[PDB]
Amino acid sequence: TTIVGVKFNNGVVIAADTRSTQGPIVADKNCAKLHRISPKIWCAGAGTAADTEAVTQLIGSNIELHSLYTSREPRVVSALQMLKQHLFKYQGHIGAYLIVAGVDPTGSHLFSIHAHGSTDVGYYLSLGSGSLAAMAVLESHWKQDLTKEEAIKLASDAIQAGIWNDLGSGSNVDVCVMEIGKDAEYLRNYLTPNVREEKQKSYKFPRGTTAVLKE
Amino acid sequence: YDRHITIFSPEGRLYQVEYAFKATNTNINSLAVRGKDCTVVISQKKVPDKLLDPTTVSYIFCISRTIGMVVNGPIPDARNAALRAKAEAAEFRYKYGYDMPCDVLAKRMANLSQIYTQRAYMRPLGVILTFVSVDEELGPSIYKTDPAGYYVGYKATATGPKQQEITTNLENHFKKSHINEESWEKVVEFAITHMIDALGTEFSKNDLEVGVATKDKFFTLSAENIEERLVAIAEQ
Amino acid sequence: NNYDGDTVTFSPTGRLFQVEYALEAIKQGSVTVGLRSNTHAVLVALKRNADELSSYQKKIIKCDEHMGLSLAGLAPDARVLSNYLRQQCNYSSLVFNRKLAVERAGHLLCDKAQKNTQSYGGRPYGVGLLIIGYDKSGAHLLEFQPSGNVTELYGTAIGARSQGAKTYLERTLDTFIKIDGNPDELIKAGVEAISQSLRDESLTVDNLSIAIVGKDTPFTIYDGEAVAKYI
Amino acid sequence: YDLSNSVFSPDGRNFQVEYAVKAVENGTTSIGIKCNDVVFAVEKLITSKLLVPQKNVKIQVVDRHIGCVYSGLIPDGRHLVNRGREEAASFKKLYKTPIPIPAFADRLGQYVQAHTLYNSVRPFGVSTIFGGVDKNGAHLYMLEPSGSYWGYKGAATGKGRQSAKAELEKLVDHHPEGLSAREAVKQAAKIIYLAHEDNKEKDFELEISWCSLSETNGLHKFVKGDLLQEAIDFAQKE
Amino acid sequence: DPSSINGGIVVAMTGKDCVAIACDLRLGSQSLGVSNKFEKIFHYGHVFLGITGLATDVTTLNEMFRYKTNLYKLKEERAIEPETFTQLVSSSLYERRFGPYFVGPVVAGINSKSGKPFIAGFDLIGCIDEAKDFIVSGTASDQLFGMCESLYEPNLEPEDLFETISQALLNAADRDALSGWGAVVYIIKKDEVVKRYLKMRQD
Amino acid sequence: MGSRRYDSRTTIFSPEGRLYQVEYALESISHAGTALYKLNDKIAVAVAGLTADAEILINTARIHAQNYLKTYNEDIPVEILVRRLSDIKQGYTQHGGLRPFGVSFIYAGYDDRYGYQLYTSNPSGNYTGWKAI
Amino acid sequence: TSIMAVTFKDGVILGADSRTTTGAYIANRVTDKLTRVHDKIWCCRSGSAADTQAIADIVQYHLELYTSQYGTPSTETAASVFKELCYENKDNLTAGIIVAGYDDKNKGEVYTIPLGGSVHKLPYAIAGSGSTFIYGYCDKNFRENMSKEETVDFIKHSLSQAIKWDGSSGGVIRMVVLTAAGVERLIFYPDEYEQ
Amino acid sequence: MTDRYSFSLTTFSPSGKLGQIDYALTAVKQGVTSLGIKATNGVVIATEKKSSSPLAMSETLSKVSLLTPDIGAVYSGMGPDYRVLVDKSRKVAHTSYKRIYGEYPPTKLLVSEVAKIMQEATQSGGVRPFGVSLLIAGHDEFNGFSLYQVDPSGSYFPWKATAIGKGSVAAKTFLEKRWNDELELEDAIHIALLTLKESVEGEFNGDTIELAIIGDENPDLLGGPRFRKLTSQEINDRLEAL
Amino acid sequence: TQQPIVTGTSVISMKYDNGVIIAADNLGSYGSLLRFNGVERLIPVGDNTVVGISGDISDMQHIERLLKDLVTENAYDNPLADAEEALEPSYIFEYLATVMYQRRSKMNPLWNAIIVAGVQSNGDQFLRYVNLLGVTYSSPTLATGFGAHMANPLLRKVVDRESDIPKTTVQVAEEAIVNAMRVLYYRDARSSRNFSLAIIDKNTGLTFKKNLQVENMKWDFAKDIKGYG
């Protein structure tokens with residue numbers, strides 16, 4: 001699994017791979033790893049998929065309740081605090097590693113959370129099994145003066161490198177762009193460089209091949 | 001027993017809440033006005049007994065860094081409400097990672113008052129609360145809560161026995177034209193002059209207590225810092 | 001009265017009538033006298049019986065080898081308080097290996113009695129107590145009322161017709177304080193003091209109990225033939 | 001409307017608290033005077049000569065720097081002092097510093113006010129005068145059965161509270177620059193002796209304590225010995 | 001592990017306007033067979049659930065989901081949909097975070113409103129795997145994956161889909177020691193539901 | 001004076017041996033309409049008075065029936081469910097201090113042991129089978 | 001990994017590195033190990049990140065309540081809160097915490113709280129894995145009543161040595177100065193202390 | 001300090017009436033006329049707003065709340081009770097349905113939950129019934145558009161066009177005078193505005209009434225929700241064409 | 001609790017004809033690292049009690065806070081809290097032993113070895129030992145940890161039995177204590193050169209000597225040792 005997040009001048013971009021495996025066998029080749037906590041706050045998770053999904057859903061429900069209660073737009077810091085407190089309450093037994101990114105009235109924010117509840121900030125972050133290749137790519141091709149398209153290209157490059165150079169990652173690239181003052185964030189497989197070739201021979205059996213005892 | 005516990009009368013009223021409202025009136029009057037980027041609250045500090053220490057007789061509490069509260073009513077319930085509000089604001093800051101908005105705290109206190117009026121084993125508090133702040137997303141903000149669990153925001157507000165005169169003068173002033181002064185000292189002087197117009201007694205420096213909520217923080221003015229406005233008002 | 005159904009109601013003049021009824025319950029009890037000197041403390045109790053075929057109820061309860069009490073009023077409340085005092089003395093002797101002071105026991109009883117006069121659902125105690133003890137500060141005698149008021153006196157008397165014994169103790173105050181070398185003389189003084197409260201009655205070996213504590217004297221109770229020579 | 005603890009009257013009053021104040025009114029006279037550095041004085045009624053002199057101490061000590069006196073139902077005052085000791089110990093354990101006098105006053109006020117919110121309990125029948133010395137100087141406070149408390153230059157409560165208040169006001173007016181410690185003790189003794197005139201036909205015992213910077217090292221100590229006798233003689237002379 | 005004690009194989013494929021779900025019938029204690037009539041596919045309204053793993057957990061999940069489905073139908077006065085049932089199954093599985101059932105549940109069915117075939121799989125703790133091609137569970141998941149990666153074509157007719165899923169299931173079971181003892185195939189169409197039993201070696 | 005507001009001590013006997021609250025609830029039901037829910041696939045219930053308490057009791061009955069079905073793998077007999085609901089209603093008439101329910105129930109159910117049966121129940125907790133209404 | 005606090009003459013300066021490693025890999029190349037508890041009285045933490053963050057949040061909430069209710073907390077109050085949190089969870093957390101503060105009365109205070117929950121004041125404090133390599137140097141070049149610039153130079157030298165000789169320590173050097181003037185933030189890049 | 005209020009405060013009268021519920025209904029009746037009309041493509045909920053003081057900002061308090069992105073509510077009666085009940089309903093809509101099934105609850109089930117909450121106040125110990133009557137407007141995929149009324153007794157009823165408050169009888173008569181089978185969202189809004197203007201004594205502008213609608217879809221507000229609360233300017237524009 | 005982190009060193013004590021002497025160093029070792037210096041491990045309680053603690057120092061601070069709380073509590077409503085109702089070494093030791101045993105029984109011990117020393121109100125010298133597991137015993141000479149193996153043999157050469165106690169003056173006991181501290185600094189790798197010493201005498205009272213230093217050490221002969229053959 002590879003997940004990256006890059007903060008440009010007026011927003012954030014979150015990208016991820018789309019392969020989920022159990023042991024040495026690929027379980028699903030089109031898994032979605034970008035989670036919608038708030039209409040402007042999106043998180044991506046690595047580790048135990050069920051734990052990540054459940055924690056994201058619970059935090060999203062609590063965030064929606066808070067936004068209804070306060071009649072105010074939700075903030076990235078609130079989700080960060082809730083996620084880190086929930087993860088710390090379980091002493092790391094909930095194995096989820098998260099990258100959270102959002103846009104709120106206070107600006108644009110990007111954080112990383114670990115399974116034990118520790119959090120950190122940065123302008124570019126990478127998580128997952130193939131996070132080292134993505135981190136190397138980010139260190140190679142990052143500058144503080146980035147536009148939207150430069151960031152959306154950097155994220156794709158990092159995810160592709162992590163896909164190529166890690167056995168735990170593969171398939172397609174999912175992108176999500178958050179910018180101050182607009183929604184966007186509707187990419188959904190920007191790149192799909194893993195198209196399978198056609199089979200040499202068709203394997204459709206003629207009708208009546210299988211033996212039937214009773215119906 | 002409909003007049004002794006918070007249960008409905010045959011006409012559908014709660015007499016204990018009304019009695020608490022009556023108990024909200026010593027008879028100190030207080031005023032709150034919001035300007036361009038600040039909020040000002042003024043209260044009467046009546047200490048006719050010389051044995052009391054004047055600095056300890058106050059009805060204004062700094063709930064959080066940005067939020068201040070002025071209470072009308074008996075001081076024990078006022079301190080109870082102040083402690084509850086401070087605890088709620090601190091818990092909100094710890095849990096959600098950002099400062100509690102003034103209207104959120106007002107809504108929480110209103111919910112607590114409603115719970116008090118809904119259960120038969122807890123009497124309503126006989127105080128009226130006014131929270132003032134400069135919210136990061138709403139600018140100057142004033143919100144008042146009453147013993148009935150009701151709460152609402154005000155452009156300006158007054159609490160006390162003769163609050164009708166102050167309200168009438170304020171609404172006439174607003175019909176004439178918030179306050180268009182960019183410095184909080186001018187707003188404080190305007191509030192003092194308005195209170196003198198409504199409640200003419202030539203307040204001295206020991207007859208007033210002033211709290212100012214700016215963007216950075218909420219604070220209160222000492223007697224030496226209080227006597228400078230009335231000198232400025234007189235020299236004008 | 002409309003302010004008498006519970007202990008959590010104040011009268012318009014600021015009185016607790018349940019506590020007053022508990023106090024009046026003491027006045028319907030037998031007279032008990034307590035006194036002390038520099039070295040010894042003595043309690044004298046007059047006992048009662050239901051009829052000629054019944055025995056006389058005990059009026060002196062031992063709390064510890066250096067502290068005891070005598071009761072007037074409801075016996076079960078006295079038993080509860082004595083058990084509490086025994087528990088406190090045992091706790092002090094176990095945890096710190098120090099003999100509990102009489103004043104500490106007085107404070108504990110005051111707090112326990114107060115806690116029953118302020119909460120709905122309970123009632124105040126209905127017994128008065130005279131507690132004697134000896135500790136590092138000497139001999140001590142204390143008087144306990146159900147309201148939680150604990151006093152320290154050279155001599156006192158509770159129960160019914162107690163004014164005679166109290167008047168005798170006040171008149172002879174300068175005499176029994178100096179009685180240090182003779183515990184029996186102090187016992188005689190206590191007996192003569194309680195004799196003033198008798199209403200056409202004679203002291204017998206069946207209705208007289210005498211408890212004593214002292215410097216080199218563990219808390220000792222005399223009843224029956226033990227009190228033959230003190231009559 | 002005078003049968004339950006937490007029922008408002010049609011005019012907004014709580015009659016149980018007023019009856020508790022009436023109960024406080026029957027108590028003995030207790031006064032407290034603050035000096036520049038504080039001094040607490042109490043009158044103990046000698047109901048009979050059987051009582052052992054100097055064995056029924058009424059002034060209580062909280063931590064090592066707080067002194068408390070009360071007028072009213074003595075067991076209620078003792079219960080309040082125990083609660084204050086618990087709160088002071090908790091504060092000291094949590095923050096390692098002795099609890100400031102305003103914080104202690106706020107804790108006591110919250111406790112007393114909470115004892116007026118439900119009809120399962122009754123309000124305390126005592127009025128408390130308590131004070132001491134902390135990092136911000138010398139403080140004196142007075143707390144009532146309603147839970148309201150205030151800081152005072154001089155406070156008094158009990159049967160003879162009016163004469164004591166008049167004497168305190170006269171002393172405050174006559175000393176705009178403050179009082180010393182020994183002078184405050186002498187004035188407290190004189191005020192107690194003057195306020196004892198509400199009874200006359202009853203012997204009384206005077207108990208004095210003080211807590212100030214210098215001569216007590218910021219701690220609370222009872223005035224006993226030659227100083228107390230000098231104060232008594234000064235009070236008798238006046 | 002408890003998931004490899006009783007054995008079992010469940011597979012599910014999608015067709016043009018229908019689904020197919022097939023399962024094995026063997027139930028045995030380790031290497032000793034016990035029963036050859038232990039079906040692992042249950043039905044709730046118009047949705048189908050195939051469970052693999054510990055047999056007692058399979059029965060417990062069947063009873064619990066029948067309970068929940070009956071209560072849901074009573075409350076909402078309508079039959080549950082495959083996606084709603086998938087969410088319910090995932091939530092129920094995650095409820096036992098530390099005491100999870102050793103199960104391999106698979107959900108299939110046709111949505112009444114949209115008519116779109118729907119198939120999903122789950123892990124022991126309730127992670128949804130929504131695949132549009134096929135879903136595989138049991139002690140021979142690798143064999144089923146190898147059989148279904150090839151031989152499978154999108155939008156196959158139910159007649160051809162039956163043959164495809166039957167061949168895949170039979171060839172996967174023939175190479176698994178803990179599965180066999182017959183096979184059951186359900187072809188789920190728009191309110192048709194056809195059930196068939198297959199002929200296979202008895203090992 | 002903790003709480004002397006006890007509304008006539010709902011769960012006590014009258015001097016004649018009657019229960020005032022139960023009779024008042026019966027009066028309320030008699031003042032209601034004249035008698036549509038499904039407890040399970042084979043049992044239906046009609047309600048009279050205080051539809052909210054009726055819905056609460058119906059939900060409880062549904063939970064009980066589903067628990068019986070899970071436990072025994074068989075549909076619950078009508079009599080068992082009616083008896084459970086009647087015991088639930090009677091529990092509030094003897095202890096708890098709360099007011100009794102104000103709902104009258106008419107159950108129609110089919111089981112494999114009796115072949116179609118009808119019952120009625122009232123706030124007193126007594127249930128009776130009827131040949132016809 | 002390399003944390004320090006020094007009180008010279010007018011306040012207190014707290015210094016730290018910015019390297020966070022999840023083993024041999026550097027998880028965060030530039031981390032802010034200096035965390036604010038109050039306006040004054042705040043310093044840096046070592047050890048496990050999650051435990052330190054939780055303790056810092058709890059202490060900040062407690063001191064916010066203390067400020068709102070009883071005035072202004074001292075440095076010793078914050079040290080006591082940290083000590084209680086570390087000692088009651090002795091078998092549950094491994095943080096290690098230095099707390100530094102300023103106030104008018106004492107003008108700079110430092111408190112060290114190692115594993116086990118004990119607390120010591122000391123005139124200067126060093127902690128972390130890299131500090132093991134600078135115990136002698138810090139002992140040979142510390143003087144009381146130094147100027148601000150001398151303190152900055154001393155911290156820079158000690159932290160540069162710790163960064164050089166410790167594998168798990170060292171990004172940039174972050175310093176925070178707390179005096180009567182206010183709170184000042186300083187950053188020193190690798191090209192400065194390596195030469 | 002103990003609660004010791006375990007007994008119920010609502011009991012049956014000898015005539016079979018529940019006094020507290022009747023008194024709560026009396027308190028509700030002396031409120032503000034709020035009405036709801038169900039149409040073929042939406043449901044409209046309208047109410048009047050009062051001014052406690054001239055200096056009070058009316059927009060700080062909203063008498064119509066969003067329960068779910070597809071369900072909204074209005075009240076007649078005691079405002080604080082309505083606010084607390086709205087918070088409780090918002091919590092219940094998540095902690096009981098959405099966190100289990102992954103979808104927002106249908107309108108009927110949410111109304112059932114709210115009715116259960118209001119009924120629990122009429123039978124438990126040491127409480128009083130809520131002094132509010134609620135109108136719930138919602139849309140769900142299978143049940144379409146629905147409108148419900150919940151009383152303090154906890155009994156809820158479905159309505160096609162209903163009104164509560166002081167002018168409840170006159171408003172109900174006006175609504176029942178002409179209610180066709182082809183009502184549209186804008187037609188329902190116009191009818192609601194006419195009825196509210198007739199019921200009100202004057203000052204009928206955009207800042208003295210509050211209206212909300214359920215229907216269609218608002219992807220622009222997704223960031224779509226079917227609940228839209230009309231702004232004051234839009235209400236004024238609609239009143240200009242009244 | 002489960003393992004000590006910052007640990008103290010040996011505490012030694014002995015009885016002389018008119019009182020008790022107890023000494024302990026001022027090190028706060030962190031294993032093999034002498035991390036902390038100037039740590040006082042002799043806690044005076046009242047005017048007649050000294051408590052010496054060896055082992056984990058966080059627990060030492062915890063129980064010294066407990067001792068402060070006990071001293072505060074003893075003065076409540078106690079007019080004779082400084083004359084006749086004051087705390088005694090026996091009461092303090094009983095409280096400490098009860099606390100230690102209760103902590104042991106819950107499997108959450110205080111990793112300390114504690115020596116309580118003082119003079120009783122009747123003039124009898126009190127000197128007793130406690131530790132984790134709640135094991136208590138008394139002896140004319142006591143030592144905890146490492147000093148139990150080296151300081152005790154030397155001290156027992158002066159006070160070997162009870163009858164030797166009246167024959168020992170304060171000067172001889174103090175010299176023996178200083179010599180034992182010097183030997184401990186010679187042979188203990190967790191020892192420090194600086195230590196504190198407390199004397200409790202029935203007549204004079206409590207004398208506290210801080211910032212003492214080990215002196216008169218011998219190192220000259222080390223010039224003659226070379227190699228290892």
# chains A, B, ... in the order shown; residues from 1 in each chain; ligands from 1
>>> interface_residues(of="chain E", to="chain A", cutoff="10 Å", atoms="only C-alpha atoms", output="PyMOL selection string")
chain E and resi 90-91+94+97-98+121-132+135-136+141-142+145+150-153+156+159-164+166-167+170+182-185+194-200
>>> interface_residues(of="chain H", to="chain C", cutoff="10 Å", atoms="only C-alpha atoms", output="ChimeraX atom specification")
/H:1-2,4
>>> residues_around(residues="residue C:70", least_positions_apart="5", cutoff="6 Å", atoms="only C-alpha atoms", output="ChimeraX atom specification")
/C:59-60,129-130
>>> closest_atom_pairs(of="chain G", to="chain I", cutoff="6 Å", atoms="only C-alpha atoms", output="CSV")
residue,atom,partner,partner_atom,distance
G:116,CA,I:5,CA,5.7
G:117,CA,I:58,CA,5.9
G:118,CA,I:58,CA,4.5
>>> residues_around(residues="residue B:81", least_positions_apart="5", cutoff="10 Å", atoms="only C-alpha atoms", output="list in words")
residues 69, 71, 75, 76, 86, 87, 109, 112, 113, 125, 127, 128 and 129 of chain B
>>> select_by_dssp(residues="stretch 50-85 of chain H", states="helix (DSSP H, G or I)", output="list in words")
residues 58, 59, 60, 79, 80, 81, 82, 83, 84 and 85 of chain H
>>> write_last_selection(atoms="C-alpha atoms", output="PDB file, in the first residue's frame")
ATOM      1  CA  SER H  58     -33.437  37.034  15.172  1.00  0.00           C
ATOM      2  CA  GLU H  59     -31.172  35.051  12.825  1.00  0.00           C
ATOM      3  CA  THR H  60     -29.188  33.734  15.808  1.00  0.00           C
ATOM      4  CA  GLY H  79     -38.361  26.410  22.642  1.00  0.00           C
ATOM      5  CA  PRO H  80     -35.672  24.962  24.935  1.00  0.00           C
ATOM      6  CA  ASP H  81     -37.513  21.632  24.988  1.00  0.00           C
ATOM      7  CA  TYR H  82     -37.531  21.668  21.181  1.00  0.00           C
ATOM      8  CA  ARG H  83     -33.791  22.397  21.069  1.00  0.00           C
ATOM      9  CA  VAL H  84     -32.944  19.589  23.503  1.00  0.00           C
ATOM     10  CA  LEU H  85     -35.218  17.183  21.623  1.00  0.00           C
TER      11      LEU H  85
END
>>> select_by_dssp(residues="stretch 66-160 of chain C", states="strand (DSSP E)", output="PyMOL selection string")
chain C and resi 67-73+127-135+138-144+150-152+155-158
>>> closest_residue(among="D:114, D:42, D:59, D:156", to="chain H", atoms="only C-alpha atoms")
D:114
>>> residues_around(residues="stretch 67-75 of chain F", least_positions_apart="5", cutoff="9 Å", atoms="only C-alpha atoms", output="PyMOL selection string")
(chain E and resi 63-64+66-67) or (chain F and resi 40-42+62+111-112)
>>> interface_residues(of="chain H", to="chain E", cutoff="8 Å", atoms="only C-alpha atoms", output="ChimeraX atom specification")
/H:99-103,109
>>> residues_around(residues="stretch 5-13 of chain A", least_positions_apart="2", cutoff="8 Å", atoms="only C-alpha atoms", output="PyMOL selection string")
chain A and resi 3+15+99+101-103+107-110+123-126+144-148+151-152+154-155+175-180
>>> residues_around(residues="residue H:105", least_positions_apart="6", cutoff="8 Å", atoms="only C-alpha atoms", output="JSON, numbers by chain")
{"H": [93, 97, 98]}
>>> write_last_selection(atoms="N, CA, C and O atoms", output="mmCIF file, in the first residue's frame")
data_model
loop_
_atom_site.group_PDB
_atom_site.id
_atom_site.type_symbol
_atom_site.label_atom_id
_atom_site.label_comp_id
_atom_site.auth_asym_id
_atom_site.auth_seq_id
_atom_site.Cartn_x
_atom_site.Cartn_y
_atom_site.Cartn_z
ATOM 1 N N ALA H 93 -30.438 9.505 15.418
ATOM 2 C CA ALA H 93 -30.382 9.184 13.996
ATOM 3 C C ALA H 93 -29.052 8.562 13.591
ATOM 4 O O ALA H 93 -28.988 7.879 12.563
ATOM 5 N N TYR H 97 -29.222 3.960 13.887
ATOM 6 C CA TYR H 97 -29.490 3.494 12.532
ATOM 7 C C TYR H 97 -28.287 3.612 11.610
ATOM 8 O O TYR H 97 -27.902 2.623 10.976
ATOM 9 N N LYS H 98 -27.679 4.797 11.511
ATOM 10 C CA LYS H 98 -26.662 5.014 10.485
ATOM 11 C C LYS H 98 -25.373 4.266 10.800
ATOM 12 O O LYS H 98 -24.729 3.724 9.895
#
>>> atom_distance(atom1="atom CA of residue I:47", atom2="atom CA of residue D:226")
25.3 Å
>>> interface_residues(of="chain A", to="chain H", cutoff="10 Å", atoms="only C-alpha atoms", output="ChimeraX atom specification")
/A:38-40,54,57-58,61-62,64-65,68-69,182-185
>>> closest_atom_pairs(of="chain D", to="chain F", cutoff="9 Å", atoms="only C-alpha atoms", output="tab-separated table")
residue	atom	partner	partner_atom	distance
D:3	CA	F:1	CA	7.5
D:4	CA	F:1	CA	6.2
D:5	CA	F:1	CA	8.3
D:118	CA	F:2	CA	8.2
D:119	CA	F:2	CA	5.3
D:120	CA	F:2	CA	4.3
D:121	CA	F:2	CA	7.8
>>> write_last_selection(atoms="N, CA, C and O atoms", output="compact mmCIF listing (two decimals), in the first residue's frame")
# COMPACT_ATOMS: atom_id res chain seq x y z
N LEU D 3 -41.25 24.85 53.49
CA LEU D 3 -41.18 23.46 53.92
C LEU D 3 -40.08 22.66 53.23
O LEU D 3 -39.71 21.60 53.75
N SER D 4 -39.55 23.13 52.11
CA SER D 4 -38.51 22.42 51.37
C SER D 4 -37.32 23.34 51.16
O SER D 4 -37.43 24.57 51.19
N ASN D 5 -36.16 22.72 50.93
CA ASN D 5 -34.91 23.46 50.85
C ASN D 5 -34.75 24.19 49.52
O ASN D 5 -34.18 25.29 49.49
N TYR D 118 -30.98 20.99 46.69
CA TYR D 118 -31.88 19.86 46.78
C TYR D 118 -32.61 19.88 48.12
O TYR D 118 -32.12 20.44 49.10
N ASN D 119 -33.78 19.26 48.14
CA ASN D 119 -34.59 19.16 49.35
C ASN D 119 -34.26 17.93 50.19
O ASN D 119 -34.88 17.75 51.25
N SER D 120 -33.32 17.10 49.75
CA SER D 120 -32.87 15.96 50.55
C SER D 120 -31.91 16.36 51.65
O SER D 120 -31.59 15.53 52.50
N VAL D 121 -31.44 17.61 51.66
CA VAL D 121 -30.53 18.12 52.67
C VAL D 121 -31.08 19.44 53.19
O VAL D 121 -32.08 19.96 52.70
